[PDB]
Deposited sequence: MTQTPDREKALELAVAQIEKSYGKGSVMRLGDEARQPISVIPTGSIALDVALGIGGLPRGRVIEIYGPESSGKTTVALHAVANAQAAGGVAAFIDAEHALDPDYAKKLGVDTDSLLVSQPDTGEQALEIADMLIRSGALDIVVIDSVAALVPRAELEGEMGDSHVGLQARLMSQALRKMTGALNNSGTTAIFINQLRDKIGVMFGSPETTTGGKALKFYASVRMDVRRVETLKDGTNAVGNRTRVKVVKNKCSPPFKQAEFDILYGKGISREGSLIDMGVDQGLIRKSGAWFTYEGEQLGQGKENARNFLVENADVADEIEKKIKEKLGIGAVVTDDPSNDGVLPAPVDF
């Protein structure tokens, strides 16, 4: 009886002295913000709790080469722009494919891009850009490529981590004020600081190759760190070569997950209407009928926080 008070009281001190998400029960309902940046998959948006990536915060998306992290990052960029936001892409990797970015939603013409000479220049440019107040999102591709000036100039080893720590310390205050989201893409170094500064960390992986005959990959994302909603939630969704995340595919999956879409036979049905026989026909139905996809989306968001 008097214990529940003491705990609630303790949770409150922790909340006051360290911040809103400093302690959570894993069954807690998410703290719904005004605006977020959707990720392209409703499943991933739900796994994040707040319906997308938070604003004004450091975000890490990591995984193996071609795991899908950059695609997740580019959808964040597409969605941020679709809401009238400006985007930046700090590129020390030189891997970006704008044609891919166009197809999945990015306004590449509008995309600010910078190919910095050094690790510090990359982070400093990001900082100037953030402190402007004008950006909604900045992507850093990538953490590993942020090589320090001294290394590049040929002039001990360990200051790459000290560079990030110094940068993140200064950057984090700028992000909160501006409301800009910073996505750091990272591989499986210098991320030891990023691990603690990031409000969300996402572990992206290829789980299974999709197929017509012999197209894409089923992708799995675990939210290993989340200061905005209970962490350790995971999601799956499809990334189709040349197209990106199958938005419609995630609506079906979360559709059946939520009982809004019934899978009577190979047929997926919705509201008495039939969507298609098998997944691909249902997926295809929802892209041709954007109105019903929005209907299904609205219902899924309604039935949860999002």
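Stretches of the deposited sequence absent from the structure, as judged by C-alpha coordinates, are 1 to 4, 160 to 163, 197 to 210, 237 to 238, 331 to 350.
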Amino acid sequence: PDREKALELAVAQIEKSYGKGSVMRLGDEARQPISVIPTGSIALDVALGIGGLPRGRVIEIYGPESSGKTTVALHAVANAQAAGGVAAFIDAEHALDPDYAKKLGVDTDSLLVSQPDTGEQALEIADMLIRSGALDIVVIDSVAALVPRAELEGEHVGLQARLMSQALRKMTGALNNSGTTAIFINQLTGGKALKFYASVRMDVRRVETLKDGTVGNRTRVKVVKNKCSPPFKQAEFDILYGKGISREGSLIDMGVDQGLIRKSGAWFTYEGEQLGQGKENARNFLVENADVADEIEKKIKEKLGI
From here on, numbers count along this sequence of modelled residues.
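If you superpose the two forms and keep the largest set of C-alpha atoms that fall within 1.5 Å, you have the rigid core.
Take 262 to 270 and 56 to 64, fit the other structures onto the shown form by the rigid core, and average the C-alpha distances in 8 other deposited structures of this protein: the farther stretch is 262 to 270.
Fitting each structure in 8 other deposited structures of this protein onto the rigid core and averaging C-alpha distances over structures and residues, 27 to 35 emerges as the more displaced of 27 to 35 and 42 to 50. Here 170 to 178 and 224 to 232 are compared by their mean Cα B-factor, and 170 to 178 comes out higher. Per-stretch averaging of Cα B factors for 239 to 247 and 267 to 275 places 267 to 275 on top. Annotation for 112, 139, 159, 95: 159 ranks highest, by Cα B-factor. Of the residues listed, 108, 121, 199, 209, the entry assigns the biggest Cα temperature factor to 209. Residue-level temperature factors show residue 117 in the middle third of its chain, judged at the C-alpha atom. In the PDB entry, a CA B factor belonging to the lowest third of its chain's modelled residues is recorded for residue 70. Ranked by C-alpha B-factor against the other modelled residues of its chain, residue 55 falls in the lowest third. Among all modelled residues in its chain, residue 188 ranks in the highest third by Cα B-factor. Residue 215 sits in the highest third of its chain by CA B factor, as recorded in the PDB entry.
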